[PDB]
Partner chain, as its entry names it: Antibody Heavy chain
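Single chain ahead, written as structure tokens, the form solved without the partner chain.
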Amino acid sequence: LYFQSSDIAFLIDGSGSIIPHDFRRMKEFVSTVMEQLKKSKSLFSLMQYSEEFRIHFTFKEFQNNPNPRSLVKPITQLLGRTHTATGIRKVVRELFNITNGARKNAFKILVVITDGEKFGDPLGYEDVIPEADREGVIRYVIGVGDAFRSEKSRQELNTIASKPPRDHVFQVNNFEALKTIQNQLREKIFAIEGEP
């Protein structure tokens, strides 16, 4: 009925493991989800990670130009390896930061989209998940493709995701299938911020 203030961050894998066709599908998914979630008091922020980290837009930048598709469409793929834990650290320290437009008292939600296991990262999940919990970041994770077929591999999604992991993890077989979880992700976020 009424939507409370939420600072919603996306952290998207830009590893060379993602072919250009699939990077474009991820960009369309982030664009569409941000359009569907856009409510009066909602700000968005986007970081791409590989072995490098790019802030495409802060919450303050989104407040100044609240047009998700215009902000996401021009993004170029970083390529390289998959430093998912350092990505989560930079989201918590850099995006959820008053100086970058994050708001006191808003919900803090992160959506991670990963195509593969963490590799090359000097940080473990044990170095970054406690701080994300301390800062109150609700983490949804989307594991795309065959990387996430095995139980061992799904444990990494459970490690990223907020508890209970079954309510915060999505797995899709490929990037074209990202559209199939748009409604579920929207309804979970609206259940957090919606006050009847």
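Residue numbers count along the first chain shown, from 1.
The same protein has a further form, the form solved in complex with the partner chain, not shown here; the description that follows concerns it.
The closest heavy atom approach of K73 to the partner chain in the deposited bound form falls outside 4.5 Å. The partner chain in the deposited bound form is not approached by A102, whose heavy atoms all lie more than 4.5 angstroms from it. At the 4.5 Å threshold, heavy atoms of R54 reach the partner chain in the deposited bound form. Shown alone here, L78 lies within 4.5 Å of the partner chain in the deposited bound form, counting heavy atoms only.
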